[PDB]
Amino acid sequence: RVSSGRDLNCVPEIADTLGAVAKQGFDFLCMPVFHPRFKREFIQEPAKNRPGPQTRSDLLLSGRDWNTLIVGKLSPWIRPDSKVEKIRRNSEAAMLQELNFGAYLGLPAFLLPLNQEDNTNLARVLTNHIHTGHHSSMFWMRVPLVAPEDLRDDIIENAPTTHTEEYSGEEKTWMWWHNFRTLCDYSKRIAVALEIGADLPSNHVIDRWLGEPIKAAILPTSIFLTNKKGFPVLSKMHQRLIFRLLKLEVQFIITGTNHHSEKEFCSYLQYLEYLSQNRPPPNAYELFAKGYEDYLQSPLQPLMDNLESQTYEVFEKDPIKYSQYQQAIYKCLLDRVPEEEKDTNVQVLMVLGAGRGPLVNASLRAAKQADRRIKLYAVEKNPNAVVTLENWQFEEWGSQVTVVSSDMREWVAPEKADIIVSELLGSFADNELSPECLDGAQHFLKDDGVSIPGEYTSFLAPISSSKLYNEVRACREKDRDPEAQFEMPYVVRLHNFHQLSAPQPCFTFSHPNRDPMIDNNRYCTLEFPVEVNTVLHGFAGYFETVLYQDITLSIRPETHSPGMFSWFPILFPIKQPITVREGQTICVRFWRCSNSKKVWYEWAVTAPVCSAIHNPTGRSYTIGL
Amino acid sequence: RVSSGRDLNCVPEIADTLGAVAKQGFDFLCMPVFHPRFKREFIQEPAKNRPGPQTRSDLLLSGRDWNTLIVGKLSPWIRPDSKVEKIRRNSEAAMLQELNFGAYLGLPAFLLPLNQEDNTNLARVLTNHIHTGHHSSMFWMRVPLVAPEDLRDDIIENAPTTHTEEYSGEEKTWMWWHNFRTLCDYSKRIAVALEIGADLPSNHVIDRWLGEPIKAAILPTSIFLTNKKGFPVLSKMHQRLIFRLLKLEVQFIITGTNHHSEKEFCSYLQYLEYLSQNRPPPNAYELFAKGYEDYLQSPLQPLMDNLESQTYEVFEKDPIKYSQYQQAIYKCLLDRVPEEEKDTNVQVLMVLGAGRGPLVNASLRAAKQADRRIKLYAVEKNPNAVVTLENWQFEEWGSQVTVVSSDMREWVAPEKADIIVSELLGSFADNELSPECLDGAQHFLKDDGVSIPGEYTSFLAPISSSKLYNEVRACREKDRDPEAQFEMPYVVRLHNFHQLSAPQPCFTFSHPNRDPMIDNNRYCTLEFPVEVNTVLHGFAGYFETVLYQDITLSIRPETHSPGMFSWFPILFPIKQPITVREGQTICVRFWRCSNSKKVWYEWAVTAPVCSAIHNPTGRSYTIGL
Amino acid sequence: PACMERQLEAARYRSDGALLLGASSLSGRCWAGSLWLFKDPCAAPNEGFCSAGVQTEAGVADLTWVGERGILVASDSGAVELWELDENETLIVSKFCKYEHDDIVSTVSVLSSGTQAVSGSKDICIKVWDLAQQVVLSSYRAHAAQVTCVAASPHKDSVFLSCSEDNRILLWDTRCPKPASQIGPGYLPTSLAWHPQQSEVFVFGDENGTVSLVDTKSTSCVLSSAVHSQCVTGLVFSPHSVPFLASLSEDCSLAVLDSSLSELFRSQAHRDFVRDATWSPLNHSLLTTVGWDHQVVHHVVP
Ligand SMILES: CCN1CCN(CC(=O)[C@@H]2Cc3ccccc3CN2)C(=O)c2ccc(C(=O)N3CCC4(CC3)CC(OC)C4)cc21
Ligand SMILES: CCN1CCN(CC(=O)[C@@H]2Cc3ccccc3CN2)C(=O)c2ccc(C(=O)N3CCC4(CC3)CC(OC)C4)cc21
Ligand SMILES: C[S@@+](CC[C@H](N)C(=O)[O-])C[C@H]1O[C@@H](n2cnc3c(N)ncnc32)[C@H](O)[C@@H]1O
Ligand SMILES: C[S@@+](CC[C@H](N)C(=O)[O-])C[C@H]1O[C@@H](n2cnc3c(N)ncnc32)[C@H](O)[C@@H]1O
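So the protein sequences, as listed, match chains A, C and B.
All the letters of the first sequence, read from the start, carry residue numbers 13 to 637 under the authors' numbering.
All the letters of the second sequence, read from the start, carry residue numbers 13 to 637 under the authors' numbering.
All the letters of the third sequence, read from the start, carry residue numbers 24 to 207, 211 to 328 under the authors' numbering.
Structure, rendered in structure tokens:
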């Protein structure tokens with residue numbers, strides 16, 4: 013199920029009303045805490061002294077009901093941005109009152125509107141409330157998709173609306189929210205409650221509001237159509253939007269009156285549940301990735317740390333990578349040895365980075381498939397996993413398999429190799445010293461050896477994301493650069509965002525590099541046509557690969573390999589939002605710097621604005637050789 | 013139940029053995045990871061090259077079994093502090109090996125011995141392992157209560173033991189552990205596994221090892237007596253120790269062979285369960301406090317923050333404070349008005365700090381008890397709770413009760429007061445501006461008014477505690493003094509510690525202060541006779557009170573009021589451990605400084621050593637007026 | 024009928040000399056509504072002397088007479104309900120309660136004839152009712168924020184006004200294919219009332235205490251005065267052939283205004299929001315005011 017609560021403005025009896033909504037099946041309730049029409053003056057007598065009380069007693073519910081069910085509302089009359097000075101001051105006082113009483117009761121979230129452009133005083137009062145005392149209410153800043161001044165029926169005979177093309181005149185609302193949020197400084201306690209009007213905006217805009225921390229979509233009962241049986245249903249496109257939001261695990265709210273008087277009111281929530289049940293099933297990948305959305309993970313040190321056994325185990329359940337490796341080895345073995353020599357020509361692999369044994373088992377499976385005789389090695393740096401390889405080699409593999417316990421770069425091989433099944437690809441396809449490690453391993457690969465992968469590429473796509481930017485922003489630690497959390501790649505299942513453009517190839521590696529001058533340093537200039545007003549909070553990275561002639565692995569969303577959870581994306585942040593205007597071209601540059609000891613990536617935006625060269629000299633994130 | 017696992021040194025088959033222990037009822041198993049007698053040389057050939065494997069394969073259990081059941085052991089031969097240089101270097105290498113393989117497998121804890129004084133190289137290797145890679149094994153540093161060289165039977169005809177009084181010769185073991193821990197820098201990943209030998213040491217020492225992060229008591233099967241029915245039982249004092257440890261939620265381990273051959277081995281664990289069932293029941297207080305042990309909580313700001321409704325609710329379930337307040341008011345009312353005027357003399361209370369109404373309800377209950385007519389006010393700063401008071405006053409209380417919404421210090425009272433039931437006592441009985449607030453409230457208390465409480469005292473007791481010191485030490489935050497976590501009081505249910513002496517009165521307040529010169533600044537010199545070698549990690553505070561002539565409230569452990577959870581203790585840390593030698597006298601000083609704006613406490617130790625004046629000028633913790 | 028709720032909202036004199044008190048409870052445990060009929064309004068608001076009264080489900084924002092025994096009530100809930108006074112003038116009976124709006128109902132008013140109604144709720148939509156057949160004939164979503172007021176045209180059955188918090192003032196007609204008619211960047215308007223005699227004059231009171239007097243077909247701000255230092259909550263002309271205009275604001279102050287907006291009377295009788303006033307259908311020198319200080323102070327005006 014997906015949460016859903018009734019928005020009210022008429023609660024004569026708090027207990028009776030909450031009981032009725034609970035029977036109807038809602039989970040929570042959005043109610044006013046001070047009466048809506050109760051205008052309280054805080055400045056001048058004799059109205060300054062209306063004897064109390066001020067509102068419903070705290071005790072009408074238990075702390076548990078207050079905290080888990082209710083969601084407060086900021087009274088309609090409060091307008092902290094009205095021009096009248098008196099109303100400005102009264103509204104400041106009233107809004108502080110209402111927010112503090114909400115926090116006292118404990119409400120788990122508070123509903124504030126954005127119904128005009130001038131919201132600066134509102135943002136100020138709200139941030140001053142966020143910075144006073146220790147409280148945990150979260151603020152849902154209700155903001156409609158299409159403004160009221162553009163939803164209205166054309167009935168004013170003397171001032172008709174400007175119907176002509178108004179591109180960003182259709183986006184004024186997202187800008188309202190963007191200004192409010194930027195004033196309040198991306199506070200992780202401000203989140204949106206996207207109203208859904210009867211007529212949606214274009215596709216690009218509804219891609220906009222994702223990536224924006226939408227915490228509840230507010231569906232009025234004025235948008236529900238009537239079906240022939242007499243019950244509400246939503247048009248195909250509204251269903252499309254509702255499915256997007258359902259993916260985003262929002263909490264839907266049914267505001268408005270009952271417009272289907274024939275049937276009781278629960279039918280609406282019944283319809284939401286119906287749609288949630290019928291939504292297209294999550295795929296194999298998403299099933300694994302659930303519990304991982306927008307959760308930043310510091311990448312691995314490939315050569316400085318030893319992978320612990322949980323990690324190997326969990327990445328040995330991947331359903332595609334090992335099938336692909338077996339198929340690639342099968343094809344390469346067939347290619348290298350014809351049918352007739354299938355008994356005289358013995359092919360020697362050398363799995364580099366054998367781990368706990370999965371590549372070597374797959375290699376033996378492929379040798380049996382292709383009816384060819386092989387002599388495997390297994391170079392495995394991690395001495396622990398050398399333990400597991402020794403156990404396999406004694407028990408099952410037999411003399412067929414050798415096991416070496418040393419760095420591929422340093423081991424001195426007995427006899428040269430024909431194929432070398434190696435799997436040292438990272439989230440970003442070259443940020444785990446696969447190039448360096450295999451470049452040090454090719455001195456023992458014959459003049460016509462085959463290296464699997466034979467190539468691998470990386471991909472950038474500039475993403476916008478409030479949730480992920482504020483995630484990186486809350487990734488600060490004591491004892492380091494106050495701004496180095498913005499200079500290192502984060503492995504993350506990018507979920508709540510807005511890819512602003514198409515990924516483009518960033519760094520292409522191929523093996524072996526029999527180029528006379530081995531150089532692993534890369535420079536790349538990329539232009540991503542941005543075609544909607546938005547912000548740019550980082551560049552996400554992916555990768556494709558070419559194990560053998562045609563067998564491929566990839567995490568790049570358009571060609572993603574099926575159910576491959578062995579790799580998540582990567583997130584290269586940038587130190588500040590880059591407000592981008594539609595039609596421009598975001599230009600980014602990477603240098604893949606590496607010296608005798610270390611490796612690192614340096615990224616900058618050189619248009620439409622310029623950002624500091626991030627991570628210069630690897631002061632924030634260098635992969636230790 | 014209390015955890016308990018078998019310590020083994022003979023596991024021929026890992027799966028069979030773990031199955032057998034699980035059937036016997038144990039929860040976990042402490043086993044060697046590399047074979048005990050398998051001496052591996054890491055220096056010189058040809059022994060440097062014994063072909064693998066090295067140990068049991070990683071795969072004999074699943075990551076879950078490895079992680080939840082097993083606990084590793086550091087091989088007996090490893091002696092990283094032997095004098096032979098070769099053995100020192102071999103042991104360094106072997107210990108690193110074993111610890112890294114333990115972390116790779118995932119073990120949830122690792123057992124290391126302390127069987128001699130010279131443990132410096134061991135501490136170094138272990139800290140270097142704690143600072144390499146990201147792992148979460150925790151290290152149990154097995155250390156016996158009484159050393160082997162003092163447990164031995166007197167059978168050496170030529171070198172008999174020195175039986176005479178050897179006071180700290182009986183404490184050599186705790187010093188072994190203390191030196192190890194201090195070298196490894198109180199790391200929160202080093203914890204003790206207190207062996208229990210057949211003969212315990214004195215009472216003071218077994219008070220010593222508490223406060224020391226004992227994580228598992230190791231009971232050999234050599235200490236279990238035999239009962240007439242033929243089953244093991246433990247003497248009365250051993251049961252006393254075992255009950256102490258059970259309180260401390262340790263994990264008991266049954267090491268050794270079965271010495272009761274008549275019965276199967278499970279009888280021992282059956283006996284531990286029997287004792288745990290029979291242990292004296294936790295009291296009313298401890299029942300509430302459970303889930304709160306050694307958990308530091310930053311105290312409240314009394315006048316700068318508004319208490320949220322959860323807090324009032326949870327502190328309105330206290331079973332004793334409100335009974336005491338009702339009784340005190342009853343007695344004072346009787347005292348102030350005789351029987352005959354019970355109808356003409358009307359007494360006006362003024363509950364200062366009325367909260368959500370509990371004191372005022374108790375005051376009305378007491379007025380009915382004592383058959384006297386009263387006119388309550390209720391000053392309540394928190395405007396929210398003014399809301400709840402208004403609701404009561406309209407609904408139930410009626411015109412009998414007034415409600416004022418203003419600071420006691422600032423309100424202008426209509427008519428003077430006779431009694432003033434006020435409850436502004438903090439954890440430490442004067443660190444919440446009760447003196448200041450009531451001193452500003454006495455200008456409206458008649459020349460013979462009664463203030464409840466009429467007095468309240470604070471109490472210090474110097475505690476030693478590794479767990480709580482390391483707690484304060486891990487209370488660091490970004491964006492402040494790297495050493496201010498050691499300068500502020502923490503409200504905490506002090507559990508795992510060792511009060512080194514008796515609490516002594518620190519600051520005595522009485523009300524009203526009709527002294528001609530009101531001065532709330534306090535200076536106090538205290539001497540706490542310390543009579544056992546130990547460390548001093550802070551001064552804990554408590555308090556007693558005198559509501560009326562004899563009705564009292566107190567959290568001071570020796571006279572603790574029954575089931576009063578409204579107050580926990582307080583913990584005044586000090587910036588460093590103060591190694592104290594027995595017989596000395598710990599001398600501490602408090603100044604209660606306060607200026608026109610703020611309040612704060614400044615604490616220092618002036619003997620046996622001198623510590624920095626902590627919190628000078630309230631740079632770390634000042635209570636805002 | 025236990026007790027009239029603390030907060031008075033609307034009061035309307037009936038033609039025969041009776042008073043109609045609207046009173047909702049805006050504070051306390053229960054936010055409920057209650058109407059009240061007084062045949063001796065001087066005795067109000069003491070419930071013991073009420074010839075009639077009844078509860079509702081929620082609060083009464085504004086109410087109106089429909090004929091002589093009807094009652095138009097706008098709940099906080101958002102449903103307009105019609106309470107036919109019983110013929111004895113002793114009981115008040117609900118006729119319909121149609122949940123039509125999507126949020127608080129803030130105004131109601133009866134067209135000139137007395138057969139249809141208009142309401143405006145913070146769901147920006149304004150509606151039109153048929154009281155005889157009891158459904159909505161027209162649901163125009165014209166404004167762009169909450170509708171702050173409405174005033175039906177005393178003389179033309181198809182004309183009503185309605186100001187908003189989006190600074191629009193609309194003169195309406197039920198006939199035209201496009202009914203709205205924007206008839207003035212100033213201060214937000216907060217109350218409307220048609221002139222009772224020269225039927226094409228209407229006055230909008232703004233958020234800053236300035237009563238205006240605008241001509242529909244001219245729209246030159248004719249005559250305005252900052253009589254109040256806070257929002258003008260209501261304006262109600264007098265029954266005198268040359269009528270005066272009553273001006274009650276959030277300041278807790280009432281004044282009477284002439285054709286030159288020259289102050290006649292200023293009463294601070296109320297110690298909180300003055301919420302609406304009415305003139306005596308018997309004694310034209312007698313005015314009744316109801317406020318949130320629960321007082322009903324009778325004024326003798328010059
Ligand atoms: C730390 C975040 N971090 C690092 C791992 N890398 C980076 C990487 O380079 C790995 C490195 C590696 C090491 C040994 C061997 C193969 C590989 C392959 N490339 C990740 O990308 C990564 C991927 C997924 C997850 C993750 O959250 N899960 C793993 C997959 C599931 C969800 C939970 C489904 C399954 O439940 C049965 C477990 C978490 C991931
Ligand atoms: C923050 C740690 N902090 C502060 C509270 N102060 C300081 C204090 O001055 C209070 C202040 C106060 C305020 C309003 C009104 C009365 C009082 C009385 N003096 C505590 O000392 C304190 C005490 C207990 C706890 C705590 O952990 N719990 C509360 C008691 C239980 C366990 C959980 C049993 C019950 O479960 C039904 C809940 C937690 C406690
Ligand atoms: C990314 S993991 C994956 C390896 C394995 N094929 C698998 O599927 O899990 C790569 C493994 O190669 C080993 N390795 C990493 N760098 C190496 C190097 N430079 N030389 C030899 N082995 C290395 C490490 O033990 C690591 O476990
Ligand atoms: C420690 S709480 C306990 C009060 C209440 N008697 C109870 O049992 O919970 C003290 C209360 O007094 C109020 N208070 C604190 N300081 C005050 C002051 N200086 N003047 C008036 N009221 C105060 C606060 O609202 C706070 O809720």
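Don't be surprised by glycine CBs; every beta carbon is placed ideally from N, CA and C.
### Message
Does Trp54 of chain B come out as helix, strand or coil in the three-state DSSP assignment?
### Response
The residue you call residue 54 of chain B lines up with position 31 of the third sequence. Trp54 of chain B: coil per DSSP, three-state reduction.
### Query
According to a CB-to-CB cut-off of less than 8 Å, which residues of the region 142–172 of chain B neighbour chain A?
Answer in chain order: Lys145, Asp146, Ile147, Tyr163, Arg164, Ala165, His166, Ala167, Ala168 and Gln169.
### Query
Does the Cβ of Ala429 of chain C have 16 or more other Cβ atoms within 10 Å, making it buried, or fewer, making it exposed?
Start at 1 with the first residue of the second sequence, and residue 429 of chain C comes out as number 417. Label assigned to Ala429 of chain C: buried.
### Query
Taking any Cβ of chain A, which residues in the region 93–123 of chain B have a Cβ under 8 Å from it, in chain order?
If the cut-off is 8 Å between Cβ atoms, the region 93–123 of chain B has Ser98, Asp99, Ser100, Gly101, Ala102, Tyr122 and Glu123 near chain A.
### Message
With a threshold of 8 Å between beta carbons, is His47 of chain A in contact with chain B?
### Response
Here the question's residue 47 of chain A lines up with position 35 in the first sequence. Answer yes: the Cβ-Cβ gap between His47 of chain A and chain B drops below 8 Å somewhere.
### Message
Check whether the region 314–330 of chain A and the region 119–129 of chain C touch, using three or more Cβ-Cβ pairs below 8 Å as the test.
### Response
In short, these stretches do not touch, since the Cβ pair count stays below three.
### Residue from A:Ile386, A:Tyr304 and A:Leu308 with nearest C-alpha to residue 11 of chain A
What is shown of chain A runs 13 to 637, which leaves residue 11 of chain A out entirely.
### Task
Thinking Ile590 of chain C and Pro581 of chain C are a contact (beta carbons under 8 Å), I'd like their distance in whole angstroms, please.
Counting from 1 along the second sequence, the entry for residue 590 of chain C is found at position 578. Counting from 1 along the second sequence, the entry for residue 581 of chain C is found at position 569. The Cβ separation is near 20 Å, so there is no contact.
### Query
Where does the unbroken alpha helix (DSSP H) through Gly31 of chain C begin, and where does it stop?
Here residue 31 of chain C refers to the residue found at position 19 of the second sequence. Unbroken alpha helix (DSSP H) run through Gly31 of chain C: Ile26 to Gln36.
### Query
Do you know offhand how far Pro125 of chain A's Cα is from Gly209 of chain A's?
Walking along the first sequence from the start, residue 125 of chain A turns up at place 113. Walking along the first sequence from the start, residue 209 of chain A turns up at place 197. Straight-line Cα distance between these residues: approximately 15 Å.
### Query
Near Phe521 of chain A, what residues of its chain come up, given a Cβ to Cβ distance below 7 Å and the 5 sequence neighbours on each side ignored?
By one-based count along the first sequence, residue 521 of chain A stands at place 509. These residues qualify, in order along the chain: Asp442, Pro447, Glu467 and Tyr468.
### Euclidean distance between Cα positions of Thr174 of chain A and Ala167 of chain B
If you number the first sequence from 1, residue 174 of chain A lands on position 162. If you number the third sequence from 1, residue 167 of chain B lands on position 144. A straight-line Cα-Cα distance of about 15 Å links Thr174 of chain A and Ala167 of chain B.
### Query
So does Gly367 of chain A have its beta carbon nearer than 7 Å to some heavy atom of ligand 5?
With respect to ligand 5, the structure shown offers nothing to examine, as its ligands consist of ligand 1, ligand 2, ligand 3 and ligand 4.
### Cutoff 8 Å: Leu72 of chain A Cβ touching any chain B Cβ
As a working mapping, residue 72 of chain A is identified with position 60 in the first sequence. Yes, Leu72 of chain A counts as interfacial toward chain B.
### Query
Can you tell me where the alpha helix (DSSP H) with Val399 of chain C in it begins and where it stops?
Your numbering for residue 399 of chain C matches position 387 in the second sequence. Note, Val399 of chain C: alpha helix (DSSP H), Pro395 to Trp404.
### Query
Does DSSP put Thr67 of chain C in a helix, in a strand, or in coil?
For the purposes of this step, residue 67 of chain C is identified with residue 55 of the second sequence, where counting begins at 1. Coil at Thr67 of chain C, not helix or strand.
### alpha helix (DSSP H) segment containing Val137 of chain C, residue limits
Here residue 137 of chain C refers to the residue found at position 125 of the second sequence. According to the DSSP assignment, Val137 of chain C belongs to the alpha helix (DSSP H) that extends over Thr132 to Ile142.
### Query
chain B beta carbons: is any one of them nearer than 8 Å to that of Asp165 of chain A?
For the purposes of this step, residue 165 of chain A is taken as the residue at position 153 of the first sequence. By this cut-off, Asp165 of chain A is an interface position.
### Query
So, are the CB atoms of residue 4 of chain A and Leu134 of chain A less than 8 Å apart?
Because chain A here runs from 13 to 637, residue 4 of chain A falls outside it and cannot be looked at.
### Query
Comparing the C-beta of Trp78 of chain C with each C-beta of chain A, is any distance below 8 Å?
As a first step, residue 78 of chain C is located in the second sequence; it is residue number 66 there, counting from the start. Yes, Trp78 of chain C lies at the interface with chain A (some Cβ there is under 8 Å from its Cβ).
### Task
May I ask you to list, following chain order, the residues of the region 108–132 of chain C that have a beta carbon less than 9 Å from some beta carbon of chain A?
Listed by position, the residues of the region 108–132 of chain C near chain A (Cβ gap below 9 Å) are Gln109, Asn112, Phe113, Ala115, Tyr116, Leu117 and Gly118.
### Task
Can you pull the chain A residues whose beta carbon is under 7 Å from the beta carbon of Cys26 of chain B, in chain order?
The count along the third sequence starts at 1 and reaches residue 26 of chain B at position 3. Under the 7 Å cutoff, chain A gives no residues; its nearest Cβ is about 16 Å from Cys26 of chain B.
### For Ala84 of chain B, the three-state DSSP class (helix, strand or coil)
Here residue 84 of chain B corresponds to residue number 61 of the third sequence, with the count starting at 1. DSSP places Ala84 of chain B in strand when its eight states are reduced to three.
### Task
Please state whether DSSP places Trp59 of chain B in a helix, a strand or coil.
Looking up residue 59 of chain B in the third sequence gives position 36. Three-state DSSP puts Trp59 of chain B in a strand.
### Query
Does the region 295–308 of chain B come close enough to the region 27–41 of chain B to have 3 or more Cβ pairs within less than 8 Å?
Contact between the region 295–308 of chain B and the region 27–41 of chain B is present, with at least three C-beta pairs closer than 8 Å.
#### Entry: Closer than 8 Å to chain A by CB, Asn309 of chain B
As a working mapping, residue 309 of chain B is identified with position 283 in the third sequence. Judged by the 8 Å Cβ criterion, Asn309 of chain B is not in contact with chain A.
### Message
Let's see if you can read the secondary structure: which residues bound the beta strand (DSSP E) around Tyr122 of chain B?
### Response
Mapped onto the third sequence, residue 122 of chain B falls at position 99. That run of the beta strand (DSSP E) goes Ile115 to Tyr122.
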